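Peer 1: Any chance you can model this:
(2 chains, ligands or ions: 2)
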2 protein chains.
Amino acid sequence: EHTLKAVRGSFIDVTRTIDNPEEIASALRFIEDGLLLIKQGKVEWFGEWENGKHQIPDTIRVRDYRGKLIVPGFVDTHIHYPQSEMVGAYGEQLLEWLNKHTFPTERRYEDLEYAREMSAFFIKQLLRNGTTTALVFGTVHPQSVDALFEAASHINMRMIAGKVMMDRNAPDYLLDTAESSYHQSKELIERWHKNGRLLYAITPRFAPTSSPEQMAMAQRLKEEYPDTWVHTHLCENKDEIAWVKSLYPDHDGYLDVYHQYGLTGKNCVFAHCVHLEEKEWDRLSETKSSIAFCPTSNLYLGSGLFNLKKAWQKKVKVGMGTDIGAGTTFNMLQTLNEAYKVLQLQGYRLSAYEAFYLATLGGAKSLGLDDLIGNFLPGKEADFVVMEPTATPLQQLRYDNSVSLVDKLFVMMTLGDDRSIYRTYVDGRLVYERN
Amino acid sequence: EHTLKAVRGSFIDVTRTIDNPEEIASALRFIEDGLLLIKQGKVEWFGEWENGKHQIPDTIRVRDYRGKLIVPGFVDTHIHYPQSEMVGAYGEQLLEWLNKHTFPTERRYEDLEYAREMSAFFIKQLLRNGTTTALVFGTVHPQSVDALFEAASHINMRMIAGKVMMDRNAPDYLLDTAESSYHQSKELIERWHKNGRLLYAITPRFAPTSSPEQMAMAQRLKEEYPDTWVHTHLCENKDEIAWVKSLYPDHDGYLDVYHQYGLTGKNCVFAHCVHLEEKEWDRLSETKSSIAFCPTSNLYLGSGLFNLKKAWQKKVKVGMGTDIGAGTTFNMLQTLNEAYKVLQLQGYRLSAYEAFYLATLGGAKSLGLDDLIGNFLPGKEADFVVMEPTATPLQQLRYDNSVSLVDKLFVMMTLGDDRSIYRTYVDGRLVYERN
Ligand SMILES: [Zn+2]
Ligand SMILES: [Zn+2]
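Peer 2: Residues are numbered from 1 along each chain as shown, chains lettered A, B, ... in the order given. Ligands and ions are numbered 1, 2, ... in the order given. Here you go:
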C-alpha cells in the first residue's frame, strides 16, 4: 500500500511498441547494473542503480539478483486450460485430433473437484515457466472457468479467460445451447470481468461447433459488453476451412463468418491463421484484429507454417501462444525456438530482438495490455521473471562464451526451458521460486 | 573368476532388426518386473524377475530401479566433438555458418589442455543424456582426437571417431595436406582402431573441403583398413550440392564423388541426406550405406526435411544424429521430438515404436554394431540407461493419463530431457548418476 520494494540486477525490456522489426533495436533497453523500485504492485522507478539507489531508505534490503537476467513476464496469447494432461500419439490432424483427444480430455473438467485441482496446477505451470499473463481457453462448463479465475485471483494475476461456446458437432457431454451459453457467459462476465486484474473473453471454440443462434449470442454478448475480449480459432487446417465453407456457404470465407457476426475488431484474437487469403489478411488489418501465432502445435499437427513476414507487411498485431494441449510445452523460450525453426523453413530470419519483443511487449500489444504490462516503464504492473542463463551445463558453456546481447538472447532462446526460470514475481510479489 | 551384477526394474527393448517400421511392434519386448544379470561387461541373463532371481548370488545386492524404465543405451550417429560451445547468430545457413562459427570454434582445439578439458565435458554430456555409443566427428588436429579417445577409453566406451580430413576451401589454421592427412589418420587407426571397444572412422568433412588427392588418400585408407568406418556429410544444403557440382564436374552428382573413391558400402555413414536424387537413393541402397538423420540442425539451418519414408521404401539404413554444434541438444529424446515434427510436416507419422527403434537397435544397425549393442539379448554389451519417465510434474501427469505403452513412449519423447536420465551404465559399469 505504501511500502517500497527494491530489486537490483541486469534487466532487458523494450521501451515502446513498434511497427516493423527493424525498429526493435532502437527500442530495446539493456541495463547491466539496473534497479527496479516497486510500490503497490506497480513499477515506481526503473533505471540505472547509480541514478536511483539514493531513493532506497536505509531500512530496506534490496533483492539482489545480480548475475541473473530480469525480463518482463512472458505473455501467452493462446493456451487451453483444460488440456495440460493431453497426449496425442497417433499423429492425427486437427479434426480427428479434436474428436479423439481434445474432447475426451476436456470432459474430465466437468468435475469441479478436478477443475479445482487442475486450475492450481495450471497456474503453477505458467509461473514455473515465467508466463505472467495469458489469454486462456476455458471449458464449456462455467464452474470450471470459475475455478480457473479463483486460482488466478489468489495471486492477483492478470489473465484473460472465458467460457467456451459450442452447441453443435461435438459429443453431448461437451455441448451447451445458444441460450445457456449466453446466460452462463453473462454470469461469468458480471462475476469476473474487471475483477481485480482479471478479464473476460467471449470464447466460441470455432465456427464449426457453434450454430448460427450461438454465433448471434456471441455477437449479442459483444454488443452488451463492448470492453470484453473475443477469442477464437481461425484457419488452422485446410480441412477445417473446407468444413466451415460447407457449414456457412453464404459467407465470404472463414473469417467472414466472424466478421458478419461482429466478432472482429480491437481485442479480438484469432489463433493460428495459417491459411489466409488476401481477403482475410486485409480484413484482420483494417479491423485491427490480433493473431495468436502458435508454432509448436502447428508443427505437431502438421497444420502448416504461419507467415510472420506477411503479418508484418500487413501491419497485423501478432502474439505468441503455446496452444498447450496440442503444443507440448508451457515455456515461452521454447515456443520462440520453434517459431525460429518455422520461420527458417520459410526463409524468414527471426532476430533475437524480434523474438524477445514478441514474447513480451509485442504479445501484450496484441492483447491490448501494452499500457499495463510488457516492460519496466513507471506505472506498469510489476510482473517479471528472474532468469538464470547458466542453469544447465551446455547453456552455461554457451552463455560463458556470449559477450553481446544478441548472443545472450539467442542462447536463452535456443537452450532455455523451465530450469532457466529462477523466480517469478506477479503484482510485485514473489509467487514462484525454482529452489 | 569373475562376478555378477543384478539390476531389477521395468525394461523395454527391440529383440531383432526389421526392414519395415510396421514390424517393430512384433519385435518390441516390454518386461514390467524384470531382471538383468551382468558379467564381464555383457548381458549374462535377461528376463522375468521370478524366472531368474535364483541365479543371484548371496554375495551381491540387486540394484533396485523399480518405478523407472530401463532401455538400451542411445546411439548417436552424427555429432561433432569440438563444437559444444558454438554460439551462432540468427538466421544464417550452412556454408556461412561453417565459415563464421564452425571453423573459428574448431580452431580453439589446437591447444591440448583445452582439448582435454572439452573431451571430458563432451563425454559427460553424452553420459548424462543416455548416449552410450556415438559416431563422432573429431578435429583436423590428431592431438584432439587423441584426447577424445583417451576420455572414451577411460570408461571403456564404445565410440567411433576419427580425424577430420580437409585440405582446401577453409582457413589455413584448419587445413591439412593429402599426405599429412593420410599419415595422421593411419597413426590414429594404428593407435585406436579396435583398442578396447573404440573404433575409427575415416572422416573427410565433405567433398568441397577435400582435394582429389585427399579423396584418393581416404580411398587408400579404406582399402588398407576395410573394417574401419567411413563418415562424412552428404547433400545437406542445395548450395552445398551446387558447390560440389562445381568442384567435381566429371562426377554424376554428390554421392557419386564418394562412390567413385570407394567410400560407399557397409559402415559408411552419410550425414543429413536432405536433397537426394533418386539415383542417389538407389546407390545408397545397393551399396548398403547408412544415413544419419539430424532433424534439429536441419531445421535451425533451413536445410529441409529428410524423407524417412523414401528411406524405408528404398531399404536404406537410417540412424539419428544430433549434429551437436549446429544442433542445440545432446539429448536423443529431444532429437526424436524434432524428427517427429519434421515428419509431421512431410505427412509421415513417426510411431513411438519407430522412434524408440531408431534411437537404439536401429541406430546400432546403421552403424553396423547391432550384433554388439542395442537390446538386452544374452551376449550383448551391457550399455543401458535407467530413465525416469515421471521426472517432472507435467511428465508425471501425462504419463499417468496414458494407457498404452506407445502413449508412454510418446510422453517420454515429447517431454523428456536430461532430467529423464537417472542412471547410465557403460560396459556393465555405472558411469553416471543424476545429482
Ligand atoms: Zn487452441
Ligand atoms: Zn555435422
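Peer 1: show me what contacts the residue in the stretch 101-250 of chain A positioned nearest to chain B?
Peer 2: Using CB to the nearest CB, the closest approach of the stretch 101-250 of chain A to chain B is made by residue A:125 at 6.7 Å. Where C-beta positions appear, they are placed from N, C-alpha and C, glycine not excepted. For residue A:125, the contacting residues are A:84, A:330, B:393, B:394, by CB atoms under 8 Å, 6 or more residues apart in numbering or on different chains.
Peer 1: Give me the domain ranges for chain A.
Peer 2: By the assignment in curated CATH domains, chain A contains the domains A:1-72+A:375-435, A:73-374.
Peer 1: thought residue A:349 was touching residue A:339?
Peer 2: No: counting by CB atoms under 8 Å, residue A:339 is not a contact partner of residue A:349; they are 11.8 Å apart.
Peer 1: Who has more neighbours out of those two?
Peer 2: Each of residue A:349 and residue A:339 had its neighbours counted (other CB atoms under 10 Å in any protein chain shown), and the higher figure belongs to residue A:339 (25 against 17).
Peer 1: What residue, apart from its backbone neighbours, is nearest the residue in the stretch 251-400 of chain A that chain B sits nearest to spatially?
Peer 2: Going by CB to the nearest CB, chain B is nearest to residue A:349 of the stretch 251-400 of chain A, at 2.8 Å. Nearest residue to residue A:349 in three dimensions, chain neighbours excluded: residue B:91, at 2.8 Å (CB to CB, 6 or more residues apart in numbering or on different chains).
Peer 1: about what we covered before: distance check, the residue of the stretch 251-400 of chain A closest to chain B against residue B:296.
Peer 2: From residue A:349 across to residue B:296, the span is 18 Å (CB to CB, to the nearest Å).
Peer 1: for chain B, what are the nearby residues on the stretch 1-150 of chain A?
Peer 2: A:84, A:85, A:86, A:87, A:89, A:90, A:91, A:121, A:125 (CB under 8 Å from any CB of the partner chain).
Peer 1: Leaving out sequence neighbours, find the closest residue to the fifth one.
Peer 2: The one in question is residue A:89. residue B:410 (3.8 Å).
Peer 1: Write down the beta-bridge partners of the residue nearest in space to the middle of chain A, one by one.
Peer 2: Central residue check for chain A by CA atoms, centre = their mean: the C-alpha nearest the mean position is that of residue A:76, 1.7 Å away. Counting by DSSP bridges, residue A:76 forms beta bridges with residue A:134.
Peer 1: in the longest helix seen in chain A, what's buried?
Peer 2: The single longest helix within chain A, with elements called by DSSP state H, is helix A:112-128. Residues A:115, A:116, A:118, A:119, A:122, A:123, A:125, A:126, A:127, A:128 are the ones in helix A:112-128 that count as buried (16 or more other CB atoms under 10 Å in any protein chain shown).
Peer 1: ditto for stretch A:310-322
Peer 2: Under 16+ other CB under 10 Å, the buried positions of stretch A:310-322 are A:311, A:312, A:314, A:316, A:317, A:318, A:319, A:320, A:321, A:322.
Peer 1: Go ahead and name everything in contact with that stretch.
Peer 2: Contacts of stretch A:310-322 from elsewhere in the structure, counted by CB under 8 Å, 6+ apart, are A:19-21, A:75-79, A:135, A:269, A:271, A:281-282, A:284-285, A:288-294, A:296-297, A:308, A:329-332, A:335-336, A:339, A:358-359, A:362-367.
Peer 1: Return the distance of it from the chain's centre.
Peer 2: 13 Å (CA atoms, centre = their mean, to the nearest Å).
Peer 1: what's the answer for stretch A:386-400, then?
Peer 2: For stretch A:386-400, the separation from the chain centroid amounts to 25 Å (computed by CA atoms, centre = their mean).
Peer 1: any residue of it up close to chain B?
Peer 2: Yes: legend: contact between stretch A:386-400 and chain B by CB under 8 Å from any CB is shown at A:392, A:393, A:394, A:397, A:398, A:400.
Peer 1: Specify the local secondary structure of residue A:403.
Peer 2: Put simply, residue A:403 is coil when judged by DSSP: H, G, I helix; E, B strand; the rest coil.
Peer 1: how much space between it and chain B?
Peer 2: From residue A:403 across to chain B, the span is 10 Å (CB to the nearest CB, to the nearest Å).
Peer 1: Over to residue A:6?
Peer 2: Distance, residue A:6 to chain B, using CB to the nearest CB: 33 Å.
Peer 1: what sits against that residue?
Peer 2: A:35, A:36, A:37, A:38, A:56, A:60, A:61, A:62, A:63.
Peer 1: beta partners for the first one?
Peer 2: To tie it back to what came earlier, the one meant is residue A:35. residue A:8, residue A:47.
Peer 1: I figured it was touching residue A:43, is that so?
Peer 2: No: in this structure residue A:35 lies outside contact range of residue A:43 using CB under 8 Å: 11.2 Å.
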